[PDB]
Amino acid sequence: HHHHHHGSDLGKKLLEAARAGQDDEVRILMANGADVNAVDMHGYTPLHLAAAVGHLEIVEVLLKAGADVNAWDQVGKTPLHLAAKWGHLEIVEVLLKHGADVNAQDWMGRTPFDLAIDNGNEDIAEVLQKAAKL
């Protein structure tokens, strides 16, 4: 009746689309059944990439589709770790708003607060600082 066959793996196309900020491509691939929690060879999820590159609307559309806000890569970083590193206040706020673990630690022991202050992101460090002391 409406049977389509997937010629290529949709995970990789969803991860590539989220990395380059093609919101329509993400939204279209999500409509045809791409897995929002797929992984690349390094443990990165579509939310990891959409958060590290700074796309607010991509981060939200995925989180709506059930993306794990606390998934970690092969070195222990979460989407919150990446978004604080690259100075994305709005992405960091959205992730926190959905209950991301502000105390996640990577292989070196660093939290998203440490990554924020280690990359010159003061206003994004005071938010993580406060959210931890809440």
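When you see a residue number, it is the position in the sequence shown, counting from 1.
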* Asked: Taking only the CA atoms, which stretch has the higher mean B-factor in the record, 108-116 or 5-13?
  -> 5-13
* Go through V94, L62, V53, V69 one by one and give the residue whose Cα B-factor in the PDB entry is largest. => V53
* **Relative C-alpha B-factor of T78, binned into the chain's lowest, middle or highest third** => middle
* According to the PDB entry, is the CA B factor of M30 in the bottom, middle or top third of its chain, that is, lowest, middle or highest? -> highest
* To do: Among all modelled residues of this chain, ranked by Cα B factor, put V36 in the bottom, middle or top third, i.e. lowest, middle or highest.
  => middle
